[PDB]
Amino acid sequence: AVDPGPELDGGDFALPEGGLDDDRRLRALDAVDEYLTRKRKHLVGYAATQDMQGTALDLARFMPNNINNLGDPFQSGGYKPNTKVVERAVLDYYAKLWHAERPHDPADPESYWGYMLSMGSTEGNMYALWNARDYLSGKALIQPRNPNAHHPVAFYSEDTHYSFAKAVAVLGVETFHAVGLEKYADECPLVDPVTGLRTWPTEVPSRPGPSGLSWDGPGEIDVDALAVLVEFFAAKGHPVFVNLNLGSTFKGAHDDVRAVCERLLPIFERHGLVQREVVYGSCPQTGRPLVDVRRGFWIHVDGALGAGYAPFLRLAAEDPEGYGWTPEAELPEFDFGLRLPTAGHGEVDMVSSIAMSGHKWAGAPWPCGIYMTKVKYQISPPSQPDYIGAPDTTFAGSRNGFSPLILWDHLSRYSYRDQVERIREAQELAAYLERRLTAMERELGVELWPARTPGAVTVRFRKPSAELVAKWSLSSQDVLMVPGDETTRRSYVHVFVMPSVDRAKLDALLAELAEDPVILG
């Protein structure tokens, strides 16, 4: 029944051979602004902070510059209009926040290395899986018999973002499902809870909900299931890549990164994956191959969303009196500071890489973010281009040097305490939304199927009318309540409570939901 307002008309934007005069140009740009302004003020269905007035005022001045952070962030290079000094400051801030070792130092293998992304976290996850594929397969690093030793196998939950399926295909990294079907067809160690057959699942199971199946579960990886699957492949001699979701796309779940690491480390130690000799190439002689020592596992944290707020929630959890807030749910230790003891290898720093999107929690006018790892994992670049004056250590070639300014400006405006307040208000407002949806069910006698994983900044509920979805940019997901059976489909939407989503905005949405024709029935 509500009005999402008119879309843009392509006729206004057609670019003729002769160009457009100033009046037609301004009319078009005004139409874009009127559209974008209406939509941004009502967007509540995606993990995208929408308020950036301060940014715009501070940084509009930089638009006349063709900024390019071409090459590694830790060398200027020949393209002098670059913001690498700013990029390093932003990377340093997140390195501290994620308990990485600073400063970056190419002679310190344990120190951080990372760079700012020109796409979103899609670039960071692609880079992670490239870096891990090469590291685990034995390609040469920047610093100097088992048939499966150079055949890595990827593991991640059913709540993992579609970017991984893409990245897996781009990079030719094999999932445990693919390798299971190919080489180990009848040896799946898990029993399917629907069919009772030992069929290889397509992703690692996520935890079950009230249904006994994952569709209504919290969206967290099932650690038991993961450990069974990892043991299976590690015992066969495969190196192991694990992606863990810190703020999953639809449910905002946090995989229990510490629990996963505690479970898997003994498996890694049992199967010789903590420290192992790796043959990297060869050359003609009496002998042949070169050799170095590497770990045989790689744990990546997809923190596209959650790496931006989780450190601040955990700060409050550590000092609840000081911040005046005890978070409702525990968020798992997930970062470069996570270190575990072993039987005979000393303490092991468990996480190899993290990705974060800057346009999610912080907010930006275009996609950006961070990939971070450690110097000891850096792969030799694919080539040595003279013409950029800095090593080609990154996924992108030319790199966005405006995004460093965006994030620097954001981070400079807020103290740690202010950042804690932002995640507090969002957590409290997500809880409020869930409370209001169940109250609506009782007031109106309607089913909304509301759900919210404890500690998540998103709430899911029954999809309303198409018009309401379009007004508020609600993101949609269908689930089959019993996998395989198309008659059990439910359509959900979700709301992401970002720092730009306040009580008034949620109350306005709720007032419209209460009068929506699909909701009423």
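Heads up: residue numbers just count along the shown sequence, starting at 1.
- Gap check for residue 144 to residue 145: 10 or more deposited residues are absent from the model.
- Once the C-alpha B-factors are averaged per stretch, 194-202 and 157-165 rank with 194-202 first.
- 449-457 and 485-493 differ in mean CA B-factor, and the higher of the two is recorded for 485-493.
- When the C-alpha B-factors of 422, 151, 88, 360 are ranked from the entry, the top spot goes to 151.
- Which of 409, 277, 256, 216 has the largest Cα B-factor in the deposited entry comes down to 277.
- In this PDB entry, the Cα temperature factor of residue 239 sits in the middle third of its chain's modelled residues.
- When the CA B factors of the chain's modelled residues are split into thirds, the value for residue 51 lands in the highest one.
- Remark: residue 120 belongs to the lowest third of its chain, ranked by C-alpha B-factor as recorded.
- Among all modelled residues in this chain, the alpha-carbon of residue 263 has a temperature factor (C-alpha) in the middle third.
- In the deposited entry, the Cα temperature factor of residue 300 sits in the bottom third of values across the chain's modelled residues.
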